[PDB]
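Chemist: Okay, handing you the structure first.
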Amino acid sequence: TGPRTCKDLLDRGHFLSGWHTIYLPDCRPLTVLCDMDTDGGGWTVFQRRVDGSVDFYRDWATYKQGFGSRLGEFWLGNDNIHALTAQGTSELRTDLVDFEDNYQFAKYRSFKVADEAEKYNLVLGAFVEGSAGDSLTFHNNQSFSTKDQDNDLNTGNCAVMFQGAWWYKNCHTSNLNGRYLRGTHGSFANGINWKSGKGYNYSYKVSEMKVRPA
Amino acid sequence: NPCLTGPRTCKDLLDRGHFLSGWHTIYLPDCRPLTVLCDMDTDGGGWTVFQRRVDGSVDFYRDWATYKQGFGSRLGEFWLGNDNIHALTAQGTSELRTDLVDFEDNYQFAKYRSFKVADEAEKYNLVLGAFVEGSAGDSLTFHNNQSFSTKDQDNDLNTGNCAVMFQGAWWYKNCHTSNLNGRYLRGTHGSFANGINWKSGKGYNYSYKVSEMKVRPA
Amino acid sequence: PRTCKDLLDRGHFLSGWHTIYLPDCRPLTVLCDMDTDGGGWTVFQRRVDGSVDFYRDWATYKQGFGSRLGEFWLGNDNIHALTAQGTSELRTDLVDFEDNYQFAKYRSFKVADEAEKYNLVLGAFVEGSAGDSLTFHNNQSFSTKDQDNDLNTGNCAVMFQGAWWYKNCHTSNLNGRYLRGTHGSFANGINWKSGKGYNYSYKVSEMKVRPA
Ligand SMILES: *[C@@H]1O[C@H](CO)[C@@H](O[C@@H]2O[C@H](CO)[C@@H](O)[C@H](O)[C@H]2NC(C)=O)[C@H](O)[C@H]1NC(C)=O
Ligand SMILES: CC(=O)N[C@@H](CS)C(=O)O
Ligand SMILES: CC(=O)N[C@@H](CS)C(=O)O
Ligand SMILES: CC(=O)N[C@@H](CS)C(=O)O
Ligand SMILES: CC(=O)N[C@@H](CS)C(=O)O
Ligand SMILES: CC(=O)N[C@@H](CS)C(=O)O
Ligand SMILES: CC(=O)N[C@@H](CS)C(=O)O
Ligand SMILES: [Ca+2]
Ligand SMILES: [Ca+2]
Ligand SMILES: [Ca+2]
């Protein structure tokens with residue numbers, strides 16, 4: 001048939017990382033970023049923060065379809081992300097870089113997101129390994145919330161209090177779609193924050209969330 | 001049959017459900033395929049970007065032939081080329097937006113009702129519609145209905161050579177008030193108006209960090 | 001389209017990833033430098049920011065590694081395939097941390113297949129402000145940390161943290177560590193000895209081929 005993941009492509013001898021066009025179960029094309037280097041390679045990347053050039057404080061319609069630049073930061077979009085994580089079993093990996101260049105990460109057994117009707121519900125496996133600690137199981141079975149759509153289990157607005165979008169609760173222990181605040185920041189838990197990573201007051205330089213059939 | 005069944009613009013591609021910026025190949029009026037950068041993010045999406053400065057890696061002080069055909073890198077800085085820019089904006093009405101960024105991460109912009117450049121025979125004459133809006137202020141209306149000039153081909157209205165004088169390439173009049181193809185001078189410079197300058201923006205003595213020029217069907 | 005020069009001829013004036021066809025007609029996406037010295041160069045190595053680790057083994061250099069988005073080594077099999085039929089000039093481009101440019105050029109450039117240990121076959125130096133720091137390495141095997149093929153009793157890949165056609169050991173070390181300017185450490189950076197010497201590591205390095 002044809003390539004359906006970055007796993008396929010790597011196996012087919014595409015060894016350099018970059019944008020490749022894979023085929024959704026639905027088929028229908030869809031060009032994605034492939035990380036062929038990290039942890040044996042073949043990861044499809046749906047989120048990337050690198051320099052704070054793209055504004056992530058976006059609404060529902062935008063997160064649905066995705067936004068950003070293949071040239072920089074981006075969200076692959078929730079419909080795509082669902083299509084992508086729906087049919088085998090993908091394992092999520094997160095990669096975080098502080099402004100020292102100390103890498104830290106988190107690996108998870110499985111990773112699925114429900115369709116838009118299910119509100120892009122997070123179905124997270126269990127923390128495997130990762131020097132950044134588990135700052136995401138906390139958000140299991142919890143709908144995705146955006147500025148123009150409050151779904152969080154909180155009386156106020158998590159998306160707005162911490163200026164981001166996430167599967168918020170009351171509210172978060174992770175906030176990778178938050179403000180790009182450049183290292184330690186006075187403001188509270190509103191940067192690119194990994195609770196168990198560098199706490200609620202440090203915003204990483206680099207954030208990447210990627211998948212790969214386990 | 002791909003000339004017939006492909007997209008004509010970055011707008012078409014947005015319509016067909018490409019929401020990420022990047023290089024897509026579109027088909028020009030003469031059926032010729034061309035790979036352009038689509039900015040799908042800014043002010044609505046569907047812009048075809050034709051110039052981009054960002055880090056000063058590419059040298060923009062080039063002769064006529066090179067501006068004609070295009071030069072640079074999809075990976076970074078670039079000019080799409082005068083023939084292409086003309087073919088883009090010939091049959092139809094396209095609006096132009098200018099995006100700018102300084103070294104303290106201020107974003108500004110300027111937008112224009114229409115934007116057309118003639119063919120080479122007409123020396124890529126600029127035909128600029130009215131200023132719509134922008135925090136950058138207007139620094140392009142001044143250059144309306146002027147020829148494009150390079151160092152090795154002078155078509156301005158200055159007794160001298162603007163392109164040489166201000167080390168760029170533009171629809172120079174006498175001489176300029178914007179100079180987005182000037183030297184990558186990195187913030188405030190001591191040299192006069194030879195940077196990537198937008199006069200109503202940060203004047204003749206500050207060169208921006210980023211510049212982008214893009215078109216969308218009006 | 002069989003090379004980047006073909007593509008330039010067909011009106012592709014911007015540098016970027018295009019897919020060409022290997023002489024056996026296998027497709028391969030390569031970086032085409034359409035700007036330098038007349039354009040048409042297929043790029044097979046690139047350092048620029050120090051984000052990729054170049055201190056790799058034989059398998060990894062054989063197949064290629066890195067990102068289209070940044071730094072990479074096209075892979076030895078591909079570099080062989082590319083320089084297999086005909087004659088290809090080599091250009092080495094170097095940029096320092098004051099943005100000064102230096103280059104080197106060579107009449108011809110060929111690397112043998114894996115059997116002959118990706119042996120280096122180089123033509124005459126023609127010119128370049130970096131000076132000739134590659135001829136010294138002509139007719140040598142490629143070495144990595146795990147497969148030592150040099151003419152030194154020790155391991156050169158390990159001694160100078162890179163991968164090259166090491167003799168005893170090197171006068172160029174472009175796959176060395178990204179050390180960022182002048183370094184006290186001896187000869188283990190992105191080093192071109194006739195250029196900035198054994199103690200300066202360049203900001204940018206590119207190695208490219210084009211039909212002669
Ligand atoms: C664009 O500029 C040209 C000159 O390059 C203008 O030409 C002049 O136009 C006026 C009419 O208002 C004539 O009286 C002059 O004699 C013309 N000079 C030349 C050299 O032809 C032209 O008018 C401008 N066009 C527009 C649309 O403003
Ligand atoms: C905004 C951005 O990240 N773009 C750069 C990243 S290297 C580019 O590829 O030109
Ligand atoms: C951020 C980046 O890479 N630039 C985009 C704007 S979203 C572009 O104009 O192509
Ligand atoms: C022909 C042209 O414009 N290119 C020149 C600089 S003017 C060059 O890079 O050698
Ligand atoms: C990215 C590349 O290979 N070349 C660029 C700058 S070196 C260019 O064509 O201007
Ligand atoms: C190329 C290289 O060194 N690879 C190592 C890990 S980086 C290996 O697992 O064999
Ligand atoms: C966009 C960019 O320059 N980053 C490269 C670094 S080698 C990458 O994504 O791998
Ligand atoms: Ca609420
Ligand atoms: Ca003049
Ligand atoms: Ca040895």
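Residues in the structure tokens are numbered from 1 in each chain, the chains being A, B, ... in the order shown, and ligands are numbered from 1 in the order shown.
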Residues up to 6 Å from ligand 6, counting only C-alpha atoms and all ligand atoms: could you list those as number ranges by chain?
Modeler: C: 56-57, 60
Chemist: Mind writing the picked residues with C-alpha atoms as a short mmCIF file (atom, residue, chain, number, x, y, z; two decimals), in the first residue's frame?
Modeler:
```cif
data_model
loop_
_atom_site.label_atom_id
_atom_site.label_comp_id
_atom_site.auth_asym_id
_atom_site.auth_seq_id
_atom_site.Cartn_x
_atom_site.Cartn_y
_atom_site.Cartn_z
CA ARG C 56 28.89 8.43 15.45
CA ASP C 57 29.63 4.83 14.47
CA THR C 60 25.15 5.66 11.15
#
```
Chemist: For region 152-169 of chain B, work out the shell of residues within 12 Å, counting only C-alpha atoms and skipping chain neighbours fewer than 6 positions away, then give it as a VMD selection string.
Modeler: chain B and resid 51 59 to 68 79 82 122 to 125 143 to 146 175 to 185 191 to 197 204 to 205
Chemist: Among region 28-188 of chain A, which ones does DSSP place in helix (DSSP H, G or I), written as number ranges by chain?
Modeler: A: 38-40, 60-65, 78-85, 137-139, 158-161
Chemist: Between CA of residue 8 (chain A) and CA of residue 213 (chain A), what distance in Å does the model show, to one decimal?
Modeler: 9.7 Å
Chemist: What residues in chain A lie within 8 Å of chain B, counting only C-alpha atoms, written as a PyMOL selection string?
Modeler: chain A and resi 65-71+74+76
Chemist: Can you tell me which residues sit at most 9 Å away from ligand 5, counting only C-alpha atoms and all ligand atoms, written as a ChimeraX atom specification?
Modeler: /B:57-59,71-78 /C:13-16,31-36,39,41-43,46,93,206
